[PDB]
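For the numbers below, each heavy atom of this structure counts, side chains included, while hydrogens, waters and symmetry mates do not. Labels below follow one simple rule: chain letters A, B, ... track the order of the sequence lines, proteins then strands, and each chain is numbered from 1.
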2 protein chains.
Amino acid sequence: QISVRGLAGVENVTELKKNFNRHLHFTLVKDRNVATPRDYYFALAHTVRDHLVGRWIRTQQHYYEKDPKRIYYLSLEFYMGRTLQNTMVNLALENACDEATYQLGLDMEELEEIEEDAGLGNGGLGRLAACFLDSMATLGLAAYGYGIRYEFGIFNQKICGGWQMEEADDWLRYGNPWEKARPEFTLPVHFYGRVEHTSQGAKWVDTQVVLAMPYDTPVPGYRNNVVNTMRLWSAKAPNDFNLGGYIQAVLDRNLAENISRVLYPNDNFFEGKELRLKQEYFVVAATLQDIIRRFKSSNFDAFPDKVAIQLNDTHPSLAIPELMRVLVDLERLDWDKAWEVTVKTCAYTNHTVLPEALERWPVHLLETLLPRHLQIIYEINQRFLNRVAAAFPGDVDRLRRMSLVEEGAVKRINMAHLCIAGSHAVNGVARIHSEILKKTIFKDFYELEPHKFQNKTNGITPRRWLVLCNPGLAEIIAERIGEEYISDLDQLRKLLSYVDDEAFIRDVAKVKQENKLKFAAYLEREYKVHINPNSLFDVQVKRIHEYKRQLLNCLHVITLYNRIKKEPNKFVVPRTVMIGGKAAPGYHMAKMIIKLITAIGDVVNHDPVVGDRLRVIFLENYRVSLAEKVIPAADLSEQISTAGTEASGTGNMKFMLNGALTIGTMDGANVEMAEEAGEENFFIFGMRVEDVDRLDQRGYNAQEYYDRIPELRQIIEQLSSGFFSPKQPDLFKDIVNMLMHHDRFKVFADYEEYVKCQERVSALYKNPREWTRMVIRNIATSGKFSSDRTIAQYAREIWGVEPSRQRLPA
Amino acid sequence: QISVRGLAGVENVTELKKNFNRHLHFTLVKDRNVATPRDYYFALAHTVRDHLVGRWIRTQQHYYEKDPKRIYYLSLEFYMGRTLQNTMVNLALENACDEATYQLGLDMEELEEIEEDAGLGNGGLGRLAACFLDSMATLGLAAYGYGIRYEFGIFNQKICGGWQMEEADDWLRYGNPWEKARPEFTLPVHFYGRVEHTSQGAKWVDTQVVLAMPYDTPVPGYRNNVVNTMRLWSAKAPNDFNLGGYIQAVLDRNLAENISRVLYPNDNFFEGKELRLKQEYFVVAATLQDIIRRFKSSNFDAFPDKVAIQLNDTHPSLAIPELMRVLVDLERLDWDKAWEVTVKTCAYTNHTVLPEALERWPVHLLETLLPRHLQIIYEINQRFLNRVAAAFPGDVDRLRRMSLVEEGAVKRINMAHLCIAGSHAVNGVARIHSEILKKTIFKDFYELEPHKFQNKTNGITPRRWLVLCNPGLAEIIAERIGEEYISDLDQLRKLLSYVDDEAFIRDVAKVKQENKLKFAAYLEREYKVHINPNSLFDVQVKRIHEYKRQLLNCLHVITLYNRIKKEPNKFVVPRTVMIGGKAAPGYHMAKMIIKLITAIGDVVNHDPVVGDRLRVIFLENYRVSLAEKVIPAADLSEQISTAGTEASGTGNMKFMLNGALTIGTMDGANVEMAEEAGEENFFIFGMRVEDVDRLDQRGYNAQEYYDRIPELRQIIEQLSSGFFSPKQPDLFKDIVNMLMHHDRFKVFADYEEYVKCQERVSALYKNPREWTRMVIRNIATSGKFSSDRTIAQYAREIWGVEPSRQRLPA
Ligand SMILES: O=C(CCCc1ccc2c(c1)CCCC2)N[C@@H]1O[C@H](CO)[C@@H](O)[C@H](O)[C@H]1O
Ligand SMILES: O=C(CCCc1ccc2c(c1)CCCC2)N[C@@H]1O[C@H](CO)[C@@H](O)[C@H](O)[C@H]1O
């Protein structure tokens with residue numbers, strides 16, 4: 001149908017049809033008489049998978065022949081979403097499979113909906129790793145993603161009586177056709193035990209063993225025949241494990257295998273839980289043995305020339321002392337040489353500044369679980385602090401600030417300090433964030449080793465986040481400027497010369513309208529929800545956290561409602577306000593915020609005076625597959641975190657690429673987005689980082705704002721008095737209390753500017769032609785935010801490898 | 001190479017080779033450069049599996065079209081062993097696959113050794129179910145085997161310092177290419193809760209739910225294109241199960257899923273464990289929903305015309321009250337009509353007379369776990385006892401003897417009594433056993449309902465137990481009498497006319513010699529054990545139990561040793577005595593017996609005066625795949641249980657078919673074997689059942705035998721004094737104590753007759769020609785012991801269906 005979806009050749013369509021029937025018969029053991037749509041999905045997935053394997057085998061053979069420097073991206077999260085469509089896109093098979101399935105009497109889009117998300121992440125950090133894998137393959141890098149194969153990913157969210165309920169995400173129930181188990185590369189991982197000192201060095205003995213079994217998933221590059229590997233480890237008990245009586249010993253194997261059972265959902269809130277530490281060591285120990293094995297199958301002086309390890313936050317930070325352990329205790333390198341190799345091999349990416357998100361492990365846990373690692377960490381600390389002392393003599397305060405060991409009630413190890421000490425590069429994820437790291441929380445480290453500190457502004461893959469989710473937009477762009485922009489997104493700048501083209505303006509607006517109709521219908525179908533598709537689609541989707549300020553959005557929604565009720569016969573631009581996202585199960589305030597949003601909906605959506613002028617919908621179970629639907633449909637993207645709190649953001653970039661305008665604070669990557677598009681083409685409001693600092697110096701007093709802004713006072717009185725919870729009038733008292741007395745994120749301080757900025761949005765939306773022209777200026781300048789640009793920068797400035805756009809042969 | 005292995009056509013060999021390469025590439029994702037022998041095994045298994053699926057689909061379609069009466073064989077155990085060779089045999093593919101793999105530079109026999117046993121049983125009962133499935137498919141019956149997919153089957157046995165050690169049988173580690181998961185036919189199973197009585201009947205409410213997910217394995221008939229199904233259930237937690245905190249709730253899913261984790265290994269010893277009861281109900285509840293679903297997809301008056309349920313012992317006895325529950329509580333049939341349907345549907349096979357093997361569940365367990373079933377069982381009991389009272393008025397003792405409820409310290413339900421009450425047929429498994437049931441333990445029931453009681457003498461499948469394991473013997477037989485005997489084993493009688501044929505005599509003896517050389521070499525290869533292949537191979541393999549009297553064998557071994565030491569320069573027929581089998585992990589006496597056997601080996605095998613005249617070897621990890629190797633190599637089969645204790649035996653039949661002579665008591669099927677071959681062609685010794693009864697009446701006094709038999713006294717003095725355990729002189733005191741004071745199985749009473757009979761064996765073995773002639777007379781009369789004969793009898797006399805030997809079309 002559309003050109004960017006590739007060719008449907010007679011030969012290709014014929015071959016796909018016959019391979020589909022082969023799999024249905026031999027693989028699934030069904031015939032057309034009893035087959036369900038799920039059977040048909042699986043037959044298609046196996047058919048597409050067959051096209052990967054030749055390229056997969058020869059890519060890995062190629063790396064063996066050429067022996068390039070290998071990049072190892074270590075992460076506890078890979079938020080991959082669905083794989084079928086992505087694979088078809090990257091292999092140029094979409095139109096062919098569409099034709100083939102159509103000729104079999106099947107609708108491919110219906111089959112696509114059957115696949116489960118691989119929801120092995122919480123949000124931005126996990127999704128970044130997934131975008132990165134796609135870009136690394138597209139740029140021809142010899143890259144491997146390493147993580148954990150969780151049996152249960154991020155929970156499925158149900159809303160019952162306006163409250164979040166969690167259920168287990170049993171994503172593997174029907175099988176996963178994309179992975180290949182590799183039980184033959186199973187490796188042992190050690191826990192507990194004790195350290196013995198011999199004449200011939202230290203020995204870690206009397207350990208418990210858990211096995212790490214790998215599962216490999218292919219990662220196809222865009223139309224270059226490169227297929228890289230994501231290797232995820234699964235925990236297995238050894239067969240003599242624990243070996244009445246006999247029965248209980250077999251049942252107790254679950255203790256070991258629980259390591260890979262479930263993803264922790266409490267993102268941005270560190271807890272010192274033993275099981276989480278076991279997960280972190282498990283991925284690190286198995287991965288490093290795999291790395292060393294592959295390196296030997298070609299003297300460790302050359303190790304950093306052949307290996308780069310990228311740490312996705314501190315979660316895999318134990319790689320540093322584990323590499324030292326292996327080099328010193330097993331390979332018998334002297335300490336100094338091992339440390340040189342380690343530093344040159346490892347690099348660390350920081351993704352947070354909130355103090356409660358930093359990993360600070362109690363020493364007593366490390367002592368029991370990983371006694372040799374604690375010893376190595378103490379030794380690293382002593383040598384590092386000796387360097388600090390020599391560079392800043394007499395500065396005893398600096399010594400305690402920079403220590404890897406935190407003194408206090410409970411002694412803790414600061415894993416961020418360990419990563420900085422043990423890495424040759426440390427980066428933040430947007431310019432403002434990287435500057436904040438050097439000026440505040442890692443100031444001391446920057447003063448000691450300025451050369452370590454870099455910026456790598458985040459990005460998103462334009463394959464999933466434009467071609468896959470918004471083919472209509474991809475097509476009208478390709479009509480004007482060709483197809484090359486899909487792997488060179490800076491070419492979108494060429495669209496500036498169409499900002500006054502009447503045909504293009506109409507097509508851009510038509511594509512948005514079609515997306516909005518499609519989404520409005522999805523809403524009715526799957527959730528009996530009933531929206532006006534002519535309204536402005538005002539969308540805030542991301543995890544629920546106080547710093548992200550879903551509450552500020554709520555205050556605006558109630559302001560609009562109150563204004564309508566005050567002057568009901570006045571014209572207002574109609575809106576559909578959609579808020580979505582998961583709350584961490586133990587985060588009470590986040591759970592109350594979800595309840596508030598649904599409670600506002602209950603009042604607003606049933607008030608006959610409002611009509612269809614305002615609707616408030618909570619988008620249930622926000623995840624990658626839902627993002628692919630709602631983002632192309634959005635008019636307005638809400639990026640309204642308190643300045644200094646969102647390290648980068650990546651949802652922001654997805655909305656920009658798909659034709660929404662942005663209302664946002666000067667936080668994270670919003671700053672660079674506004675800089676690229678022009679501030680006149682962005683709806684910027686609120687305190688800058690400098691203003692937040694000034695307020696903190698004086699002291700934030702929320703009462704001052706309540707006293708001076710009558711519209712705000714009205715809302716607080718409504719919340720307090722039970723207007724939004726008539727049967728339980730005190731329901732939202734915790735929210736009101738926090739807002740008035742303990743608000744770390746200064747919701748009231750940006751309220752007035754936010755409401756005024758929202759008025760300017762509504763004014764522009766009344767003039768469709770000028771709205772759309774501003775959209776074109778956003779899409780056209782979104783090129784910097786391709787993860788291909790990001791990865792090219794990691795490759796040249798951190799890993800020391802050159803990207804390539806050249807095809808491997810088919 | 002050999003004719004019974006089928007044709008190696010050019011077209012077939014070419015197609016197999018290309019499909020093998022296809023699977024290696026696309027299925028396994030390997031190439032010839034990195035492939036291991038395990039990869040090659042899997043490529044072959046997938047290639048052979050492809051040949052099953054067409055026949056599997058069309059067999060099941062055929063049953064849907066014709067709607068024949070369906071046979072459901074319910075068992076907690078299916079001891080299947082390996083599947084690759086069996087599949088090749090039944091599909092006539094063995095020579096073709098041999099040729100194909102040879103042309104690829106691979107040895108097929110080496111690849112066969114890589115497959116794990118499906119060890120989902122303990123011994124005879126589990127293996128009988130497997131032989132039965134093979135015969136039911138071969139006889140064209142619409143039969144389904146239903147059981148539990150244990151994650152861990154019978155433990156792997158290691159011997160360390162002469163002691164049994166257990167390790168988990170992780171048989172699914174590398175995957176199982178034969179099974180097909182069917183998550184779409186998942187069914188709920190209920191536990192706990194309570195019963196509510198409404199006006200509209202009883203209701204079972206407030207239950208915990210566990211899901212039963214089926215996995216289907218194909219069961220091919222012999223060269224008839226029938227492929228039946230074995231459906232095994234796996235336990236899964238529902239996704240809201242139990243739904244910090246959140247993490248613990250996800251980890252606690254293991255509680256539910258433990259139901260299918262592990263096979264209980266304590267055969268012949270009943271324990272009232274809750275988990276075992278859960279397993280029993282799980283298989284019954286899921287299976288019966290499946291049965292009813294299939295019946296409706298065509299009024300319950302016709303249910304027994306379309307359904308037969310065979311209970312493999314009492315382990316699935318809850319089928320009776322579950323069927324009543326469904327018919328009465330859910331389908332709203334009146335009690336009497338439901339009971340009529342149930343009785344006509346169900347039939348029960350008894351496999352034991354030892355009292356400690358009978359299932360007698362504490363009422364308090366049923367009360368908590370299955371409260372509605374207990375109510376139904378009480379109601380069944382009251383109505384049954386009312387019939388007993390009317391037939392035998394005033395006989396109050398009979399009422400308490402026949403009750404399903406056993407009064408005492410703890411009240412118990414006798415599941416055997418429940419099965420007899422609720423079944424239209426009850427059978428034993430050999431003539432003597434079925435007679436014992438009517439005369440002793442079920443005498444009262446036989447007097448009430450004589451028509452229910454039948455015999456069905458056990459059998460073994462001649463596919464696995466001759467063609468597969470002993471192709472050399474199968475071939476020399478086929479040369480004389482053709483191939484038809486493989487599915488009509490009575491044709492072996494034709495071999496009687498070759499008992500004086502010099503060519504045949506030589507070939508029979510040559511085949512045995514080759515088998516013995518092959519096994520002697522397997523022993524050296526895999527266990528550094530070093531045997532004389534000219535010796536008589538004297539073999540006792542079966543689970544270790546006091547009733548089976550491995551101890552009697554031990555006493556003979558020590559007698560032979562002592563006789564040699566007494567007259568070392570006298571000639572004796574050389575022997576290799578092999579004993580093998582697993583002991584239940586908590587059965588102390590069985591564990592001591594294994595230790596005694598290895599301890600005797602330690603002395604005998606290193607005594608220079610003995611030389612190679614006597615060797616004693618303990619065969620480690622006895623299982624189906626090992627039976628297939630040792631049985632074809634055996635000269636003498638030890639079947640020496642105390643008369644009245646072995647219900648049938650089936651190992652006995654395997655040895656007879658493969659050219660070993662039998663030394664045995666008149667117990668179980670030995671009686672019928674001797675009757676078929678002629679007592680003159682069997683080595684029968686010892687007390688008959690009647691003699692054991694006479695001894696019990698007088699009182700068994702072991703001291704009497706010790707006092708009168710000097711050779712026996714010598715052995716007991718050697719055991720007691722530490723001759724076989726010099727560093728631990730009191731090691732075997734428990735054994736000596738049991739033998740002298742508490743021997744339920746009268747080992748001493750058969751000692752003298754056993755030793756004398758063994759002398760007659762040695763005399764015959766000195767005359768190879770006459771030994772071999774007696775062998776031919778055994779092989780020639782083994783036809784009755786085909787499980788095809790057994791199943792034909794179940795079909796006609798219990799299930800009411802006619803067997804068929806007719807092909808389905810290919
Ligand atoms: O997600 C994170 C920080 C990870 C924090 C964290 C802390 C503790 C725990 C988790 C995650 C996961 C569960 C266990 C405990 N940062 C986000 O990274 C995105 C990609 O760089 C960035 O766009 C977001 O601004 C930043 O909040
Ligand atoms: O295996 C059995 C009885 C099953 C007894 C039993 C009792 C309790 C438990 C089990 C088995 C399995 C573990 C849980 C507790 N009988 C054998 O059946 C063979 C096939 O009919 C027959 O040849 C053997 O003589 C008979 O001992």
Would B/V89 and B/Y222 count as a side-chain contact (heavy atoms from CB on, under 4.5 Å) here? Give the steps. CA-CA 8 Å; B/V89 168; B/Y222 181 75; 4.2 Å; yes
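- For A/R807 and A/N225, the side-chain atoms include no donor-acceptor pair closer than 3.5 Å.
- Considering only heavy atoms from C-beta on, B/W178 comes within 4.5 Å of B/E115 through its side chain.
- Looking at A/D290 and A/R231, a side-chain N of the basic residue comes within less than 4.0 Å of a carboxylate O on the acidic one, giving a salt bridge.
- For the side chain to side chain contact (heavy atoms under 4.5 Å, CB included) with B/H51, the lone residue among B/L91, B/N19, B/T87 that qualifies is B/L91.
- A donor-acceptor contact shorter than 3.5 Å links the side chain of B/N90 to the backbone of B/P220.
- A/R805 places a side-chain heavy atom less than 4.5 Å from the side chain of A/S487.
- Scanning all heavy atoms of the two residues, the minimum distance from A/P68 to A/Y63 falls at CD-O, 3.3 Å.
- Other residues, nucleotides and ligands contribute over 12 non-hydrogen atoms within 6.0 Å of the CG atom of B/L517.
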Would A/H190 and A/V209 count as a side-chain contact (heavy atoms from CB on, under 4.5 Å) here? Give the steps. CA-CA 5 Å; A/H190 296 262; A/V209 174; 3.9 Å; yes
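- Among B/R464, B/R463, B/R82, the single residue meeting the salt bridge (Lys or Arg N to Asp or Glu O under 4.0 Å) criterion with B/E628 is B/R464.
- The existence of a salt bridge linking B/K629 and B/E526 is excluded, since no basic side-chain nitrogen approaches an acidic carboxylate oxygen closer than 4.0 Å.
- In the model, B/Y40 has a side-chain atom that pairs as donor or acceptor with a side-chain atom of B/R32 under 3.5 Å.
- The local environment of OH in B/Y102 is sparse, with at most 12 non-hydrogen atoms from other residues, nucleotides or ligands closer than 6.0 Å.
- Taking CG from A/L44 and NE2 from A/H23, the interatomic distance works out to 11.0 Å, rounded to the nearest 0.5 Å.
- Remark: B/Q85 CD to B/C97 SG distance equals 11.0 Å, nearest 0.5 Å.
- With hydrogens and angles ignored, the 3.5 Å screen pairs a side-chain donor or acceptor of A/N228 with a backbone N or O of A/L141.
- For B/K158 and A/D240, the salt-bridge test fails: no basic side-chain N is under 4.0 Å from an acidic carboxylate O.
- Atom CG of B/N156 is separated from atom CG of B/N621 by 4.5 Å, given to the nearest 0.5 angstrom.
- Using modelled atom types, no side-chain atom of B/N95 and backbone atom of B/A8 make a donor-acceptor pair closer than 3.5 Å.
- Not one N or O on the side chain of B/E94 forms a donor-acceptor pair closer than 3.5 Å with the backbone of B/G6.
- For B/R22 and B/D50, the salt-bridge test passes: some basic side-chain N is under 4.0 Å from an acidic carboxylate O.
- Side chain of B/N21 to main chain of B/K18: no donor-acceptor pair is present (N/O by atom type, distance under 3.5 Å, no hydrogens or angles).
- In this structure, the side chain of A/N224 does not engage the main chain of A/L808 through any donor-acceptor pair within 3.5 Å.
- Classified by interplanar angle (parallel below 30°, tilted 30° to 60°, perpendicular above 60°), the ring pair A/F300/A/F303 is tilted.
- In this structure a side-chain-to-backbone donor-acceptor pair under 3.5 Å is missing from A/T287 to A/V284.
- At a threshold of 4.5 Å between non-hydrogen side-chain atoms, the residues B/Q103 and B/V13 count as touching.
- In terms of heavy atoms, B/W171 sits closest to B/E116 at O-CG, 3.8 Å.
- Counting heavy atoms from C-beta on, the side chains of B/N12 and B/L93 come closer than 4.5 Å.
- Geometrically, A/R294 engages A/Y144 in a cation-pi contact, judged by NZ or CZ lying under 6.0 Å from the ring centre and within 45° of the ring axis.
- In this structure, CD1 in A/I57 is found 12.0 Å from CZ in A/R55, a value given to the nearest 0.5 Å.
- The pair B/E99-B/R5 does not meet the salt-bridge criterion, since no charged nitrogen lies less than 4.0 angstrom from a carboxylate oxygen.
- In this structure, the side chains of B/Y41 and B/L106 stay at 4.5 Å or more apart for every pair of heavy atoms.
- Between the B/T27 side chain and the B/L24 main chain, no donor and acceptor come within less than 3.5 Å of each other.
- Side-chain N or O atoms of A/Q289 include none that pairs as donor or acceptor with a backbone N or O of A/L187 at under 3.5 Å.
- Side-chain contact check for A/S260 and A/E151: no donor-acceptor pair (N or O, by modelled atom type) lies under 3.5 Å.
- Of all heavy-atom pairs spanning A/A130 and A/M80, the tightest one is CB-SD, 3.7 Å.
- Residues B/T229 and B/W56 share a closest heavy-atom pair of OG1-NE1, 3.0 Å.
- A/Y150 OH to A/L172 CG: the interatomic distance, rounded to the nearest 0.5 Å, is 13.5 Å.
- Side chains of A/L211 and B/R173 form a contact here, defined as non-hydrogen atoms less than 4.5 Å apart.
- Using a distance-only test at 3.5 Å, with no hydrogens or angles considered, a donor-acceptor pair links the side chain of B/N515 to the main chain of B/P632.
- Note: A/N86 CG to A/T461 OG1 = 7.5 Å, rounded to the nearest 0.5 Å.
- The shortest side-chain heavy-atom distance between A/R182 and B/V29 falls under the 4.5 Å cut-off.
- What you find for A/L232 and A/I148 is that their closest heavy atoms are CD2-N, 3.8 Å.
- Annotation: A/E65, atom CD; neighbour count of heavy atoms from other residues, nucleotides and ligands within 6.0 Å is above 12.
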Could you go through B/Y522 and B/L626, starting from their C-alpha distance and side-chain angles, then the distance that decides it, and tell me whether this counts as side-chain contact (heavy atoms from CB on, under 4.5 Å)? CA-CA 11 Å; B/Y522 166 98; B/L626 192 58; 3.9 Å; yes
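- Between the side chains of B/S625 and B/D117, at least one donor N or O lies within less than 3.5 Å of an accepting N or O.
- A salt bridge is defined here as a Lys NZ or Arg NE, NH1 or NH2 lying under 4.0 Å from an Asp or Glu carboxylate O, and A/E179 with A/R149 meets this definition.
- Among all heavy-atom pairs drawn from A/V219 and A/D134, the shortest one is CG1-N, 4.3 Å.
- Applying the 6.0 Å contact sphere to CG of A/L330 captures more than 12 heavy atoms from other residues, nucleotides or ligands.
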Yes or no on side-chain contact (heavy atoms from CB on, under 4.5 Å) for A/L288 and A/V326, after CA distance, side-chain angles and deciding distance? CA-CA 9 Å; A/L288 264 49; A/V326 176; 5.7 Å; no
